[PDB]
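Asker: sequence below, structure please.
(chains A, B, C, D, E, F and G, ligands or ions: 11)
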Amino acid sequence: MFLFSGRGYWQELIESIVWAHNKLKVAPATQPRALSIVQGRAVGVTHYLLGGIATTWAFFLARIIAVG
Amino acid sequence: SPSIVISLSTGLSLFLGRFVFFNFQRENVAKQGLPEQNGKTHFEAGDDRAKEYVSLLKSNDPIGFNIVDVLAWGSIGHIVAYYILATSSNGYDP
Amino acid sequence: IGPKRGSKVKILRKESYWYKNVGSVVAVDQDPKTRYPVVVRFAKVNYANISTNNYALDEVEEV
Amino acid sequence: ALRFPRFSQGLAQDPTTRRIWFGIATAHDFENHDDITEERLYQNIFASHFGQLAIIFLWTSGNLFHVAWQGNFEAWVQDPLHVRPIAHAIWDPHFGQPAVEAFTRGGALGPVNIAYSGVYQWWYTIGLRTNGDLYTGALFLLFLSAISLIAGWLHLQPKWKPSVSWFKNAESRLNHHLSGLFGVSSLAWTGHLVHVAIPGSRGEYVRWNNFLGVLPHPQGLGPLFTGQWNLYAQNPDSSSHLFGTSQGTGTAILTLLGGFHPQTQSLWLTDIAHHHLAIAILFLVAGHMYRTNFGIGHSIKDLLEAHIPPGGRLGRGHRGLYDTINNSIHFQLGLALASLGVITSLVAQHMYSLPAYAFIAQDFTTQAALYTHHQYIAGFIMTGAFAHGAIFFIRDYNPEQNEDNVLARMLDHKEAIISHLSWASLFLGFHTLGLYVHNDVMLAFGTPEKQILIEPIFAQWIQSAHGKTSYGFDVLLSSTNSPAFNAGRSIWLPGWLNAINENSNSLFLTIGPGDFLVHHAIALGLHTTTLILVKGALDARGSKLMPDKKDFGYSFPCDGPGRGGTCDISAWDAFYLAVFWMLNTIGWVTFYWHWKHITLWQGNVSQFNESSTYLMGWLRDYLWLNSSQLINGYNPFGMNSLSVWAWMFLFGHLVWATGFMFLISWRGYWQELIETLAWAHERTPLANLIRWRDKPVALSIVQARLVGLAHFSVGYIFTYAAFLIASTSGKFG
Amino acid sequence: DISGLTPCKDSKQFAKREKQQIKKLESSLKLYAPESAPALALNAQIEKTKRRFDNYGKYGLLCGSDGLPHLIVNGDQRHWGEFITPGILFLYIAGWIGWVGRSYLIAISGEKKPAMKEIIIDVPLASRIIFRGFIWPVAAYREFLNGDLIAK
Amino acid sequence: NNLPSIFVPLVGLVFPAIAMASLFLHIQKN
Amino acid sequence: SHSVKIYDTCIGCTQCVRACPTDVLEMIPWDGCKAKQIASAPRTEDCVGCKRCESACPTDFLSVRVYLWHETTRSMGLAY
Ligand code: CLA
Ligand code: CLA
Ligand code: CLA
Ligand code: CLA
Ligand code: CLA
Ligand code: CLA
Ligand SMILES: CC1=C(/C=C/C(C)=C/C=C/C(C)=C/C=C/C=C(C)/C=C/C=C(C)/C=C/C2=C(C)CCCC2(C)C)C(C)(C)CCC1
Ligand SMILES: CC1=C(/C=C/C(C)=C/C=C/C(C)=C/C=C/C=C(C)/C=C/C=C(C)/C=C/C2=C(C)CCCC2(C)C)C(C)(C)CCC1
Ligand SMILES: CC1=C(C/C=C(\C)CCC[C@H](C)CCC[C@H](C)CCCC(C)C)C(=O)c2ccccc2C1=O
Ligand code: SF4
Ligand code: SF4
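Answerer: Residues are numbered from 1 along each chain as shown, chains lettered A, B, ... in the order given. Ligands and ions are numbered 1, 2, ... in the order given. For reference, the structure is listed below:
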């Protein structure tokens, strides 16, 4: 989700969400902003690596504990 | 007797068209003019096949009954008569 | 020549980030050959981090 | 004007390699061609339509000819349940001896391909029994393709070229399409069903040579004109009738029996003929609504202008919508695509529960393939509808001429619609994922009784209302005494109730706690895809981050790194993002259908009912369990007829994995690599005598996104098709 | 009873599942010494399983054909506590949270730099605001009638 | 008969070669 | 070659001229603002589309706009 998409779409969606918030007088002082490009790429690569490594870890440990 | 039913329905529809509903239909048709594109009728915009057939619609009737009205009212009468005949054909009951 | 300093004005420029919002007038330039004399300051920053803007006479309505 | 892109000089001036790519890409976009006008655009569209018709007719002619020539139709019609259909022959120099030995299936003398398209049953039902009929049909369709091409060329000529005012004559086109294209075609198909198909089902061979000397009904046309139409339904086919022979038959040609044929588990042909007759009558009556040259009828603009609510709750109402729709082609394309997508989904949902072809319910692979194919086509069409709506909003919308009508009010309050779509999607996703994870953890800890299972009460009540007595409710048709039961009992209920209350068929299957979560997941997918597409369509003209989006066009890369960075800001990028969600939702739907039906066919329905409530059940009892025969297509010990399916499985995996290249890595790195490679080629000996004509450059951004999306889709489709066909063909049940 | 279901105190698959689980636990219980701590833990597990099954039976649930309880969100009066009774409770609590947050935001809108109060919460004002949400429906209804809920 | 042994090589190799040569010549032609 | 257009909302802060890496823009005297100067883009054929000028422009919306158009050897930035 982070690896494939871009910032402008998320900013434009947050605009409408912020309008819906401001309609009910609950808008924050710290205006929400979409993540920068570099942050998006970093989040994507971090999640990708974590998921792959955890998959391999679980598979290896389960197999070798069960049969070993 | 299909002939009597068909003739009666056609005559009733023709009478209703000619003597009852004529003025309302004529006024409604006059209210909704010819279809327009960009503020101009189809014939004006440059379409030659969309010309109205003024010659056919002219009639010697005192009020203005023409061929198209005859065909439409006869079609409605025939539809009603054939529906009546088909419904009376079977014996279904609720 | 225009709205007084310190007044509150509502924006009518569609392209501005502060459209249909309120802002405070800082100063109005007196030169007749300036197209956008009114200077407005807002509370919130736009996508660029600036917080000041210029406007013409008819794009801002007093409130 | 000189290079290959003759329709655009700007694409011909530049010397890089992107000229070829963008010349191929924008060949069909007639609006951007230089020196273009309305007349040329309309005439080109007309010629393209004719060419497409020719292509379709040639395709079906080729299918018919190949089935006739290399197939076993004659041997199949005798023993439908014990012969595998053959699509066409296989000739391959790369094939080894075991491959030739293993692929020889059916009664052929060489390798063949089993046809899962299902045309055999259709052609058998419509009344074809020998290969001469197929050859005749092939010749006829070849003639139709030829005449289509000839007509296209003729209408591109200067003398027979139509004018723009002819193309915008909406009322006449609507009248002719509603009366001539629809009603008359249905009437002619009813005539064919009465004259050829029904007598061919009772053993009488009616063909062109002798169709004038036979009477479809002994009474003739007398009852139709007299008024006693009931004579056409006096003697229905007996319940012991055998398809294709003259044992236990009748003489009626128009009935309202309902239900399924006992032997073939398909709809009766008389019902189909009656349905077509009624539909044709309705279309013929309804096609006379609109005004034409004869001085009577309706005018569409006056119909639209008159529908404005007093009190101004809708504003100006529908004023000015007629010219907006007529002057723009993308509005028409969007409406047509939306209607076609809904119709395709209807076809996919109906053709599996009420099959109309003989001996098709017993062919499981054909049913699965047809359902999946039609659903994927429907999804793609529905995405295209929103894409063209966004294009219309970018190009053809005139704000001044549509002031305060429904379109302006829609552009006014996009924020509320977007916010509510976001809320609905968030709600559905949160709670569905929560329920699934809770059930999964409860099963993991070893205590299944702590699960959360919710009965779909409303759907079961609907099924009970339809006439199902498997739950306990007694409402409407379920109750013995009711106005509806009494009203409909005398005509169609006796067959419909028997058909619906059996357990073999797929009509209104029993549902439990497992279907609830899957239906909610499907709803979540629909809502999220709709949110993406609607946001892209509504924010096309402008937003707060960039209030002049209409100047740059429908598709443009970005707007630089300023203002925090604006990537994927155009509407093209919204469509490119929504394609993924469309694929995911369609995949969920197809997975659900395939697993439910395979568990039903295999004999036991408890496996699905007990393993569909947690995700490990889907991962273990559906994919892992069913891949056993598919992955064993070829092994070190040998190979069998499933080898090609395993090869295509791996091919789809490879293409899907290759898509990640273009979907992750971006341009600058590759441009630098091309720089270095160009230096290396220029500096080497014996190879600098050869020089390039086009300077090599890396792909653009939008082009790379498109290529990655295409790879993703191709891999997805091929992998799922291979898995589905192989898994359903391995067990044949 | 409803939708062709069986009461959970009458079905047999419930008892069969209970017996299977109890036997599975007792198989592991035999391995250790009867006086050892693992024996006490396994006995506690068995007691918990028996109590859970008895409570589920006594609470009037409905097992299905395969033997598991089924929840009814329909609205029948015999299942008030299945969905409707908990759900209302949730809303109450949920509303509380929302109300409190909204109030706090307004309480910091007056100052010149509310961002400092957003990133560094203050405890006194928040503690004053927290307990005002106990009567959130009444205040919310009064504000809706007055018209101060929606900005203008 | 043996029609496939004659027709498959033509569609597979000769016709694509002719098409590629013609298309490349037309693309690069000024 | 791309198209660079200057609108009248400019205030003459000279930032866009400094930011350009190819020497496209320049400034001319004017009388529509306090600074009495405006921007202009004579050497448009040298523009590479980097959009650095748009990044440094203080205004509610940018007074200098770059629209991408037909590409060529100079605008693509090819060194071979
Ligand atoms: C689309 C149709 C197609 C067809 C019909 C063929 C046909 C053939 N392939 Mg090719 N191939 C194709 C596509 C196709 N290929 C593709 C897409 C790829 C890429 C994966 C390959 C890659 C490939 C490989 C890697 C090999 C073949 C080989 C073969 C030959 C195997 C027959 C045999 O057992 O050898 C019998 C023995 C022979 C050596 C035949 C000798 C006579 C040859 C055909 C030359 C005749 C000369 C003639 C003048 C050619 C010039 C005409 C020009 C227009 C092409 C046969 C000619 C094999 C081969 O021929 O090795 C060189 C082989 O090793 N093919
Ligand atoms: C409509 C689609 C169609 C398709 C997909 C196929 C597909 C096939 N044909 Mg069949 N065929 C068709 C129609 C079609 N055929 C027709 C109309 C005829 C009558 C002439 C034949 C007669 C025929 C013969 C005699 C043979 C095949 C064979 C084959 C196979 C090998 C391919 C090849 O050698 O081409 C051979 C094709 C031809 C000689 C001529 C067909 C070309 C027609 C005239 C036009 C196709 C135009 C196409 C749509 C381009 C449109 C461009 C558009 C996208 C812009 C392959 C399964 C071969 C086979 O048996 O291998 C096992 C073979 O021996 N076909
Ligand atoms: C009454 C005579 C008449 C007829 C027969 C047609 C017929 C047609 N016109 Mg129209 N047209 C007419 C009058 C007529 N027109 C007039 C007077 C005008 C001037 C205003 C036009 C203006 C016009 C234009 C400008 C164009 C057409 C086009 C076309 C073609 C539509 C494309 C297509 O084939 O869809 C197929 C349509 C049908 C079969 C309808 C069925 C659709 C429903 C949803 C079926 C549901 C499916 C059903 C289950 C089938 C089962 C599938 C089967 C495999 C089992 C078709 C030849 C287009 C074209 O193709 O031109 C070449 C086009 O460009 N027409
Ligand atoms: C009913 C017919 C229909 C028609 C007439 C149009 C008409 C139009 N479309 Mg629309 N469209 C449709 C359906 C239709 N569309 C559908 C169903 C979708 C959803 C996918 C879209 C989505 C869409 C987009 C996203 C865009 C258009 C645009 C356009 C315009 C440009 C056409 C062009 O340049 O493409 C020519 C295209 C190609 C030749 C290149 C792409 C080919 C694809 C990627 C091939 C996939 C690879 C292949 C399957 C590989 C197989 C390998 C093998 C192993 C199997 C044209 C006016 C374009 C526009 O900008 O208009 C203003 C635009 O960008 N359309
Ligand atoms: C999943 C598939 C996949 C594949 C196949 C590749 C392929 C490759 N990567 Mg990419 N890449 C991928 C995913 C993939 N990548 C992903 C997910 C990322 C993360 C963003 C990257 C990021 C990346 C980087 C950063 C770099 C590459 C580079 C390379 C190239 C290495 C050189 C080489 O081995 O090519 C040789 C070809 C192959 C091994 C592919 C298989 C080809 C086999 C032999 C089939 C050939 C078939 C035959 C010719 C077909 C003809 C028939 C036809 C005419 C019909 C190669 C093009 C490196 C590069 O470009 O430097 C050289 C490099 O710098 N890749
Ligand atoms: C402080 C209270 C608060 C309130 C009253 C609202 C109110 C609303 N939210 Mg918002 N929201 C909040 C915080 C809040 N939000 C936060 C912190 C985030 C970032 C995670 C969001 C992100 C968000 C999204 C993405 C969406 C909404 C939407 C909505 C609307 C529909 C309700 C719903 O869907 O909830 C959604 C709720 C959430 C996803 C999580 C909220 C839970 C937070 C953590 C609780 C508030 C705690 C806060 C720290 C308390 C501090 C006070 C203390 C110091 C005294 C509604 C107007 C939806 C919409 O637009 O409707 C029109 C929608 O799409 N909200
Ligand atoms: C001369 C004259 C007269 C007379 C007139 C008349 C007598 C008329 C008539 C007229 C008529 C008499 C008409 C008619 C018409 C008709 C029609 C127009 C019809 C139609 C039909 C249809 C459309 C049908 C259809 C169908 C079918 C086909 C089948 C079945 C189903 C249905 C039914 C649907 C008078 C004395 C008055 C006066 C003086 C002059
Ligand atoms: C962007 C855009 C667009 C697009 C859009 C779209 C794409 C849409 C879609 C839409 C859709 C897609 C819709 C749908 C709808 C549907 C409906 C509305 C349905 C209904 C139904 C009903 C009503 C039914 C009923 C019933 C039942 C239930 C059963 C039986 C009986 C009865 C029949 C009664 C356009 C082009 C316009 C242009 C502008 C912009
Ligand atoms: C999802 C996504 C976003 C939007 C992501 C956002 C806004 C991150 C949201 C993080 C959390 C969930 C927001 C709330 C964090 C607070 C600390 C919550 C406080 C309250 C309690 C829950 C503690 C981008 O901005 C983006 C930008 C560029 C490329 C890809 C993407 C991208 O994929
Ligand atoms: S950066 Fe903008 S405001 Fe400053 S001189 Fe250039 S165009 Fe004018
Ligand atoms: S886009 Fe870059 S090169 Fe072009 S004018 Fe702006 S700063 Fe100069």
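Asker: what's the local residue count around residue D:450?
Answerer: Burial of residue D:450 is recorded as 16 neighbouring residues (other C-beta atoms under 10 Å in any protein chain shown). No exception for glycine: its C-beta is placed from N, CA and C like everyone else's.
Asker: do the one 4 residues further on as well
Answerer: Counted with other C-beta under 10 Å, the burial measure for residue D:454 works out to 16 neighbours.
Asker: ok, for residue D:115, nearest residue in space, not its chain neighbours?
Answerer: On the basis of C-beta to C-beta, 6 or more residues apart in numbering or on different chains, the spatially nearest residue to residue D:115 that is not a chain neighbour turns out to be residue D:87, at 3.8 Å.
Asker: work out for me the element the one you found sits within.
Answerer: Secondary-structure element containing residue D:87, defined by DSSP states H and E: strand D:86-89.
Asker: that strand pairs with which strands?
Answerer: Here the strand partners of strand D:86-89, with direction, are listed using DSSP bridges: strand D:112-114 (antiparallel).
Asker: how far away from the center of its chain is the helix or strand hosting residue D:411?
Answerer: Mapping residue D:411 onto the secondary structure by DSSP H and E places it in helix D:406-412. Averaging C-alpha coordinates over helix D:406-412 and over its chain gives two centres that are 31 Å apart (C-alpha atoms, centre = their mean, to the nearest Å).
Asker: buried residues, the next helix-or-strand element following it. List them.
Answerer: Beyond helix D:406-412 on the C-terminal side, the first helix or strand identified by DSSP H and E is helix D:414-444. By neighbour count, with 16 or more other C-beta atoms under 10 Å in any protein chain shown as the criterion, the buried positions of helix D:414-444 are D:414-415, D:418-419, D:421-422, D:424-425, D:428-429, D:432, D:435-436, D:439, D:442-443.
Asker: repeat for stretch D:390-407
Answerer: With burial defined by 16+ other C-beta under 10 Å, the residues of stretch D:390-407 counted as buried are D:390-394, D:397, D:402, D:405-407.
Asker: and stretch E:67-86, by the same measure?
Answerer: E:67-73, E:79, E:82, E:84.
Asker: return the distance of it from the chain's centre.
Answerer: Offset of stretch E:67-86 from its chain centre (C-alpha atoms, centre = their mean): 14 Å.
Asker: quick one: contacts of it?
Answerer: Applying C-beta atoms under 8 Å, 6 or more residues apart in numbering or on different chains, the contact partners of stretch E:67-86 are D:448-449, D:451-455, D:457, D:513, E:2, E:5, E:8, E:11, E:13-14, E:16-17, E:56, E:60-64.
Asker: pull out the buried residues from the residues you listed.
Answerer: For the contacts of stretch E:67-86, a burial check counting by 16+ other C-beta under 10 Å picks out D:448-449, D:451-455, D:457, D:513, E:2, E:5, E:8, E:11, E:14, E:17, E:56, E:61-64.
Asker: can you flag which of these belong to helices?
Answerer: The members of the buried ones among the contacts of stretch E:67-86 that map onto helices under DSSP state H are D:457, D:513, E:14, E:17, E:56.
Asker: which of those residues lies closest to ligand 9?
Answerer: Proximity of these to ligand 9 (C-beta to the nearest ligand atom) peaks at residue D:513, which lies at 31.4 Å.
Asker: so who does residue 16 touch?
Answerer: I went with chain A, as the question did not name one. D:414-415, D:418-419, D:422, D:535.
Asker: mind redoing it with 10 Å?
Answerer: With C-beta atoms under 10 Å, 6 or more residues apart in numbering or on different chains as the criterion, the residues that contact residue A:16 are D:414-419, D:421-422, D:535, D:538-539, D:543-544.
Asker: one more: residue D:405?
Answerer: Going by C-beta under 10 Å, 6+ apart, residue D:405 touches D:304, D:308, D:314-321, D:324.
Asker: now swap in residue B:93 and tell me
Answerer: Remark: with contacts taken as C-beta under 10 Å, 6+ apart, residue B:93 is in contact with D:486, D:490.
Asker: distance-wise, check it relative to residue D:488.
Answerer: Applying C-beta to C-beta, to the nearest Å, the value for residue B:93 to residue D:488 is 13 Å.
Asker: same question for residue E:105.
Answerer: Remark: distance between residue E:105 and residue D:488 (C-beta to C-beta) = 61 Å.
Asker: now swap in residue G:39 and tell me
Answerer: Computed with C-beta to C-beta, the distance linking residue G:39 and residue D:488 is 80 Å.
Asker: the more surrounded of those two?
Answerer: residue G:39 (23 against 17).
Asker: what kind of secondary structure is the more buried one in?
Answerer: Three-state assignment for residue G:39 (DSSP: H, G, I helix; E, B strand; the rest coil): strand.
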